[PDB]
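What follows is a short report on a single structure.
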Amino acid sequence: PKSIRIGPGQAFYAX
Amino acid sequence: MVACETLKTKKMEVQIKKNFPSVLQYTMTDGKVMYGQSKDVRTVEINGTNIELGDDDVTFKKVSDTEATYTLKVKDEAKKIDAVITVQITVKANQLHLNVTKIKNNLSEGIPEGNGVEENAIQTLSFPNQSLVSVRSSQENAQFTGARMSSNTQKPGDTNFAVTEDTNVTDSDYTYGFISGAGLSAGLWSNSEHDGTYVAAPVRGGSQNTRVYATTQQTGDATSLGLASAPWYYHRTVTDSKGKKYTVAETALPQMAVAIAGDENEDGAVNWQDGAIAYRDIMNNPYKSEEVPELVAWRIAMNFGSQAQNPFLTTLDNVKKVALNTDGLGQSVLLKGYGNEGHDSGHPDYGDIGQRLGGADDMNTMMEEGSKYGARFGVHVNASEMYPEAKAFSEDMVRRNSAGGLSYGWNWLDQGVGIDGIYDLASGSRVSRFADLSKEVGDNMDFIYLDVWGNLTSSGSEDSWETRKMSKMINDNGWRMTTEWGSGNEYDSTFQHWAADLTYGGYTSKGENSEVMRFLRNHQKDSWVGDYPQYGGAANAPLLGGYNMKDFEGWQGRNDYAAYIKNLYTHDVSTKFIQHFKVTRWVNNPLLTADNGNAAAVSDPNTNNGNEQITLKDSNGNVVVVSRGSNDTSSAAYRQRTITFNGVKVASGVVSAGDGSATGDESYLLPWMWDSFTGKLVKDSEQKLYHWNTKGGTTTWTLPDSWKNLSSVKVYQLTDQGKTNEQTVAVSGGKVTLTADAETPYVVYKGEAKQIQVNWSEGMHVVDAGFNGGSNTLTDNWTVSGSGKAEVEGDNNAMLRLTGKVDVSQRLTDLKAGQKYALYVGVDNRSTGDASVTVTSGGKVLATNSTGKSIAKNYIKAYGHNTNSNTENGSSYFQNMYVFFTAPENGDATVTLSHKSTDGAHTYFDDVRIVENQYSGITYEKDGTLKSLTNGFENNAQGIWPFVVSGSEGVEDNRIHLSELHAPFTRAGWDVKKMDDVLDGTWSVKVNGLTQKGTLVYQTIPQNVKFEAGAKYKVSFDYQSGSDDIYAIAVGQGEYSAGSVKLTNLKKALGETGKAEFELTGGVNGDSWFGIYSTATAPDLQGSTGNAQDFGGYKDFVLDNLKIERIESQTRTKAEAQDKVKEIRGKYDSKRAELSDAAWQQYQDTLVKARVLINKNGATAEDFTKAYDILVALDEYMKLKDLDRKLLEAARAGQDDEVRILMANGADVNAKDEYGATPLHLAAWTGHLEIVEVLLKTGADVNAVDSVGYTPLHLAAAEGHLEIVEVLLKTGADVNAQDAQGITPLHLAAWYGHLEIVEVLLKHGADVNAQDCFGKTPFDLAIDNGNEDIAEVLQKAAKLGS
Ligand SMILES: [Mn+2]
Ligand SMILES: [Mn+2]
Ligand SMILES: [Mn+2]
Ligand SMILES: [Mn+2]
């Protein structure tokens, strides 16, 4: 869907 | 007595006035009459002043029955006019010529020496309302047809209207103008360089040349419309950009003519088409236009930035390849970068043929040998922009603005300056430079390509006059004229790049859109509109086709050979076939309407069901009829075209859309009956047909009359190897049935065809240097030896592929004994075993060199094998390997290309080049290892050797080249220049504006400079860098990977040469190298504005006098080395967990390698010293890699002082973690402004991206640290930086709900309309998370976008 909280290497769209 | 005389020919009688050079009427043999000037008009215009002549001002002399001479006394004391004009009127067939044979100025002695100002110069001349030919409203079918310039596919350049009593025109100017009425038709031709009314032109390159002036007058009851010439220029006074005035003589003396026509095309009517047929006898014809129909294969062979991507003898092999595939069809090769260092280098030094490409010697060999295959050559020249390095560069040549400053051009390799167009012409500087080129090429070169002429870079003028003078200089040297823009040079150009390459510019900037101009000149120019449906109008399947240009030799990265050839057959064979015939009739044009001023346009419902049709004919009376399927654009049939040759169908169907949108169904069997030289008809055994079927399949055709009685034909499939797969096809009732593969060329002969013989690599000292000779080049020319395999692999640009243990050798020919040579070869080695190039004289090794696995990808856009060419596995590591030798006295010299390994991996070799080279800067040890390498860049065969261009720009026309000396212009202090281009000698290695890239610019490679495992080397070079720490020295092993390199920032050395020196220890894998890295540090532009920022040199780096020297290292014992292994081990063995899998594997690799040296049986102190120096280097590397690991933790944790000391001790400010996050990313993300600002002041990349594409700003904005966001924006962060997902810092600010962060982001240049890869804007992301407050602010901001 739309990530809980983003950071280094954590894409905004992961599910 | 009688005030008129009669001139007579067998075709007509013309009555002329004795009191003025005026025609009363033309009477044809059949009785039909055309009028002239029936009124007493005796006006002469000189310098804008009209003077009416009396009976005493004109004297007449009937010379012959076909000539009369007049002497006109043109005087006006008040306006400073006193002249004697000699006008001659001559008749020949149905033509009447009126020429001004002499101009005598009584108020002047002439043009003073050096083209000084002539006081009272006769600048312009015309005969207002001369009415040389006229039509009346009272005559049957009285009409006018005119043409003006249009480069817009939606706007026709034509006019067709009936002459009625209501008609009222006064000096309506047109390029062409035709009048018809009472059974006759005529068109006026003048050489006037007058510029006027046009329909659409994006430039001024003689695009606006209007030479006919239509004016009406009352002749009793009727309105008469009469044609006259537009004004002529005689001694024109011009001003240069520095205000200096010149008087420049005529390009030619005033000339004009009319050709009276009846029903020339024998249809029902007498219209402009009859007048246009007769106009061809009087019209000017572009120089060498009679060869245009033969030029089937146009292309560009490019060279750029010292790289010699396409040497002249390579271009000859590609001419031989295309000739094979097209069966000898004519070619036209534009050499883009034939001079100096390449393309946009050394302008305007036209006589400077590129020394690195083989100089004037190889250029003439290419041209002389290429003519044998029907290839024509031409060079790209520039008369508008100049570079300081060009020997023609002067303060007089420099274009200056109204403020007295330089008129700067484009800066890429060096900064371009505008040339003073008027000075360059009036001083006779340009003629002198063309002459220099003429002295080099003689009568071998075919054309000149003039770039940018018309875009107002040299003057604000660049009018028809200036263009005519320019075209004359070029034609005078025996060269055909070609230019850039589509509308440019109506008069003399035979090709426009922006008309022939349909890709460029868009629908408003194409070729000449006129039924009149194309009807007249289709067979003389490639200056039209071809098929490119997305432009509509003239670009939607024109019946006459249109040149569609593709390239395969580096131009704009273009290198698809198969696409090049497929395109020639798809659009250019048919276009050229049609250019072998001249238009005679052209009816039912769908583009001409009453609303676009073409009410009287030619409409025949009894021709092609009322749809478009063109009838073309040749001197031998052969008829080609090209007919359109339907005139309705919404019909499938609008794109259907049938072509008949002497009544027989030769082509049929829809072509593949020229924009490559949709393939068609067109199939043809075109009779090619001309040679590729003079275009003369060939004999029966030499007669052929070209077959093509877009969709593939079986089609039945009627053979031409000449072939009707044959019982069989011979069909060949055309490939890069010529005529293949010969088939014997039967003929039944003059008809053949051909089975064709889709989009595959076949050639049909009456009998057995002899194969075009090609001797690959002529003058190249080897046979088949480019491996273009098929699988049998390895049998016939090269001799393969070994257990392994040698294959000619590559479906585009063929290569030599070696697998396992194999040697590919060939004897070297025509070398000058005792002379120094350089042999280089392109090599891409994917094996771990050495790939070698060796030169031998009877078993003895003269010279040898080798590469292990290739470590540097190829980034040269204009090179055949760059990393976008997929040599193997989506990359290309092609780089040239050199051997320097002296040709043996005995003559016996041999080249071998070897692979030693039994390894299944491939090695790629291409383009063996043996060239004379005086380089002698490599000294070897007793063992074949490097002792010393020095280079001042004074004898570089090609490129920036021993360096290779890295990927700071990716696959590009790289801003790195060998810079040339031209003092004072290339030295510091000239104008705004602060850096010297050259440090020592005539050449250096220049880097232009490659700042803040955060990556490698250029590096040495082991096949160039090999650093022995464990050996110490002292590297030194002279340099100049525009700012402190913008460029740095990089030292690394194997392929470049960020952080694996040892960076040393280089201090500013601007105007005064600096000296850099360092030590290097060869890595255990022998893959060690050094280079120049572009840091993340911003340059100090020192207050400079605009172009001065680029010209000043604040962002440049020049390198010279390189010296690599192997040095002695303090001698160690087995014990000293064994003791260092313990030191290193009990320091870093304790970090197995803390290190990556790869980081620990390389630490083990090095340790094992060092331990082999120590414990080897029979090791000596050299081995123990090497083992110790490897370990010392390993320690220094491990230590700095742990300082980077600890800095990434202190930026995340928050320790201010710790980050400072780690940084002070040399920890990399741009170190990356497992996710590619820098310390600046981790400080902005966890919110520490203190760390962020000190990191910025140090040289951290504010626009560095992690794996996912997050800049620190993205992480700051998503988290809500607004003070960090403000600092980032001020220190240079991109506010519109995009994620891999298209997410910008605004989206993350909006979704996570940070109102203040959102407002500061859009306070700076943040786009509110910006969408991610799923079409979501920051607003849509706010209305998904519930931030209606953020959504309202964002909505309001987007609203203002009005
Ligand atoms: Mn006619
Ligand atoms: Mn090749
Ligand atoms: Mn030098
Ligand atoms: Mn240069």
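Looking at this structure, is residue B:801 surrounded by 15 or more Cβ atoms within 10 Å (Cβ to Cβ) and more than 16 Å from ligand 2 (Cβ to nearest atom)? Criteria not met by residue B:801. Once the range B:375-400 is narrowed to residues that are farther than 21 Å from residue B:463 by Cα and among the aliphatic types (A, V, I, L, M), the residue that is nearest to ligand 1 (Cβ to nearest atom) is B:375. Considering (1) under 28 Å from residue B:1049 (Cα atoms); (2) within 13 Å of another protein chain (Cβ to nearest Cβ), the lone condition that residue B:1275 does not fulfil carries the number (2). If the condition is being of a type in the set (S, T, N, Q) and either under 22 Å from residue B:72 (Cβ atoms) or surrounded by fewer than 16 Cβ atoms within 10 Å (Cβ to Cβ) (or both), then the range B:98-121 contributes B:99, B:101, B:105, B:106, B:108, B:120.
Are any of the residues in the range B:345-368 in contact (Cβ under 8 Å) with a residue 12 or more places away in the chain, polar (S, T, N, Q), over 20 Å from residue B:822 (Cβ atoms) and away from ligand 4 (no atom under 12 Å from the Cβ)? Checked against the condition, which is being in contact (Cβ under 8 Å) with a residue 12 or more places away in the chain, polar (S, T, N, Q), over 20 Å from residue B:822 (Cβ atoms) and away from ligand 4 (no atom under 12 Å from the Cβ), the range B:345-368 yields at least one hit. Among the residues of the range B:544-567, none is identified as over 16 Å from the mean Cα position of the chain (by Cα), assigned to a loop (DSSP other than H, G, I, E, B) and within 23 Å of residue B:307 (Cβ to Cβ). Of the residues making up the range B:1230-1272, those that are surrounded by 23 or more Cβ atoms within 10 Å (Cβ to Cβ), aliphatic (A, V, I, L, M) and within 14 Å of chain A (Cβ to nearest Cβ) are B:1257, B:1259, B:1260, B:1261, B:1262.
Somewhere in the range B:506-523, is a residue part of a helix (DSSP H, G or I) and under 22 Å from residue B:456 (Cβ atoms)? Full working, then the answer.
Applying the first criterion (part of a helix (DSSP H, G or I)) to the range B:506-523 yields B:515-521.
From what is left, the residues that are under 22 Å from residue B:456 (Cβ atoms) are none.
Looking for residues that are part of a helix (DSSP H, G or I) and under 22 Å from residue B:456 (Cβ atoms), one finds none in the range B:506-523, hence no.
Residue B:1215 meets the conditions (1) away from chain A (no Cβ under 12 Å); (2) over 43 Å from the mean Cα position of the chain (by Cα) in every case but one. The failed one is (2). Of all residues in the range B:923-951, those that are under 17 Å from residue B:822 (Cβ atoms) have Cβ atoms under 8 Å from Cβ atoms of residues that are charged (D, E, K, R) and within 16 Å of ligand 3 (Cβ to nearest atom), 6 or more apart or on another chain, in B:933/B:1107; B:934/B:1107; B:936/B:984; B:936/B:1104; B:937/B:1104; B:940/B:356; B:941/B:356; B:942/B:356.
Checking B:1301, B:1334, B:1327 one by one, the residue that is more than 28 Å from residue B:997 (Cβ to Cβ), within 14 Å of another protein chain (Cβ to nearest Cβ), in contact with a helix residue (DSSP H, G or I) (Cβ under 7 Å, 6 or more places away or on another chain) and assigned to a helix (DSSP H, G or I) is B:1327 and no other.
Have a look at B:451, B:436, B:443 and point out the one that is surrounded by fewer than 22 Cβ atoms within 10 Å (Cβ to Cβ), more than 26 Å from residue B:488 (Cβ to Cβ) and of a type in the set (D, E, K, R).
None of the others qualify; the one that does is B:443.
Residue by residue, here is whether (1) in a loop (DSSP other than H, G, I, E, B); (2) closer than 19 Å to residue B:88 by Cα; (3) touching a residue at least 40 places away in the same chain (Cβ under 8 Å) holds:
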residue	(1), (2), (3)
B:2	yes, no, no
B:14	no, yes, yes
B:20	yes, yes, yes
B:26	no, yes, yes
B:31	yes, no, no
B:38	yes, no, yes
B:51	no, no, no
B:59	no, yes, no
B:62	no, yes, yes
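Residue check: residue B:1104 meets all listed conditions (1) closer than 22 Å to residue B:1070 by Cβ; (2) part of a strand (DSSP E or B) but one, namely (1).
Taking the condition within 23 Å of residue B:519 (Cα to Cα) and in a strand (DSSP E or B), does residue B:159 pass?
Values: within 23 Å of residue B:519 (Cα to Cα): yes; in a strand (DSSP E or B): yes.
It is true that residue B:159 is within 23 Å of residue B:519 (Cα to Cα) and in a strand (DSSP E or B).
Restricting B:213, B:198 to those that are surrounded by fewer than 23 Cβ atoms within 10 Å (Cβ to Cβ), aromatic (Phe, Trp, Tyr) and in contact (Cβ under 8 Å) with a residue 24 or more places away in the chain reduces the list to B:198.
A Cβ distance below 6 Å, combined with a sequence gap of six or more or placement on separate chains, defines the contacts here; from the range B:1272-1294, residues that are in contact (Cβ under 8 Å) with a residue 60 or more places away in the chain reach residues that are in a loop (DSSP other than H, G, I, E, B) and of a type outside the set (S, T, N, Q) in the pairs B:1276/B:1246. Do we find a residue being under 30 Å from residue B:365 (Cα atoms) and of a type outside the set (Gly, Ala, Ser) anywhere in the range B:690-710? No, that holds for no residue. Condition check for residue B:1205 on (1) among the β-branched types (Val, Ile, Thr); (2) in a helix (DSSP H, G or I); (3) within 12 Å of another protein chain (Cβ to nearest Cβ): one failure, at (3).
Any read-out appearing in this document is the output of simple, stated calculations on the displayed coordinates, not a laboratory observation. Note that we place each Cβ from the backbone using ideal geometry, even for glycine, and neighbour counts take in every protein chain shown.
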